[PDB]
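In the block that follows, a single chain appears as structure tokens, in the form solved without the ligand.
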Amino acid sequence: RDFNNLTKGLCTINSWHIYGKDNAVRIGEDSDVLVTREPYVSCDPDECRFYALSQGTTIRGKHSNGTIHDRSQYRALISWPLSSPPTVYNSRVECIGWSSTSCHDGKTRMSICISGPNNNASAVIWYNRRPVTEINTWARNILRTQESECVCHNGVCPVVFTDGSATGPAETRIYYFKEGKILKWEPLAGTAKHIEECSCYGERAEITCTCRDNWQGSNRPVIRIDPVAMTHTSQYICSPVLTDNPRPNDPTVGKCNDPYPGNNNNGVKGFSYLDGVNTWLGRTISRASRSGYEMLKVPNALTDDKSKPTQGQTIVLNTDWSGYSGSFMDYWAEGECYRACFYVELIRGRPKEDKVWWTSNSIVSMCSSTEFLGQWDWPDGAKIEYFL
């Protein structure tokens, strides 16, 4: 009942442990499970929940033929209990739309959904289950946002939005909201060239997002936000350990304020926890496909342009599919520091498994441990052949 404030620093990440896995596509072969994609996790003062953009069909239903398409009037942001599947009967609709972000401010939740045609789309900001604010497209070419949770400090919750070309310069703005109302907005500043899908976290009153340059870098851009002064900056992660996908081989030296060239016009949503020596970067194992997933500790990745890994942990092996990943923490857990967590989308169906007509996913999430725990790999686990 009073606003949350980013008081603590991150605990030290010596390894990762399972947090949630829902086995959605497995159980969807014989249950009324919704078709989704763009998943993420967000916590309330009293519970943590799984989130996704629905496609408005079940996996086994006939209107699943066609759900590879990204934007439509039948998608919505839904949430369901931790480690359960997105079922028709157990899901809660947050807002209607095909791009989204959501966070709790300590008092209540803000969710944002965008719908529209490509050239005349709008966002409407819901606070405490009601509509309060709406924003129309400014550059008229697919107004989009984070597709993962936002973060708040004493009432002000910043959200990044891009509008325009995915393949050239675009127009990006950071909006600062408080109780659903706009307090201020700014256009992108600093050296990042293109922004798409930021994954954010906060600690000691500052917010760090790791985004996706779709235009030209294979290294990732970082926006650092100060929620009290309401300002930001961008840079790229210095380290030569490249984490977009597709990507060239990792070099010996990296780039701090310019894109690393090699692949143009394509990518994936990813994240990193940037904390001096305690820094871990997540990435696909395949340099060409969204397959496999690994976590790599690369001390000072943001600043040291010659930093190489020191420790690692395999989350999904290279023979199984992965997808989008993002960052969340439970800011209301008891303790001296915030425990870092993440999720990875495990996509099944088209384009790669084109033997079915649908595209859906399950989720795995992980949080950190100060211990050095042994690892296991966490694949989706369905057999596509049962759906034929």
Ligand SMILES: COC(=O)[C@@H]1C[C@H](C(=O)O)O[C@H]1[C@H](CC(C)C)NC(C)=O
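A residue's number is simply how far along the shown sequence it sits, counting from 1.
The same protein also exists as the form deposited with the ligand bound; that form is not shown, yet it is the one meant from here on.
The site on this chain is open, since the ligand, superimposed from its pose in the deposited complex on the surrounding C-alphas, has no atom within 2.4 angstroms of any backbone or C-beta atom. For the chain shown alone, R71 is a contact residue for the ligand in the deposited complex, at least one non-hydrogen atom being within 4.5 angstroms. Within 4.5 Å of some heavy atom of the ligand in the deposited complex lies at least one heavy atom of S99. Proximity of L53 to the ligand in the deposited complex: non-hydrogen atoms within 4.5 Å are present. Contact check for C238: no non-hydrogen atom falls within 4.5 Å of the ligand in the deposited complex. Scanning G267, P259, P227, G270 against the ligand in the deposited complex with a 4.5 Å heavy atom cut-off leaves one residue, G267. Checked against the ligand in the deposited complex, the candidates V222, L274, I142, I207 yield a single residue with a heavy atom inside 4.5 Å, and that residue is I142. Heavy atoms within 4.5 Å of the ligand in the deposited complex are found in exactly one of 127 to 135, 229 to 237, 191 to 199, 85 to 93, that being 191 to 199.
The putative spot formed by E147, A166 and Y324 is fully lined by the ligand in the deposited complex; each residue has a non-hydrogen atom within 4.5 angstroms of it. For the partner-free chain shown, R212, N214 of 212 to 247 come within 4.5 angstroms of the ligand in the deposited complex, judged by any non-hydrogen atom.
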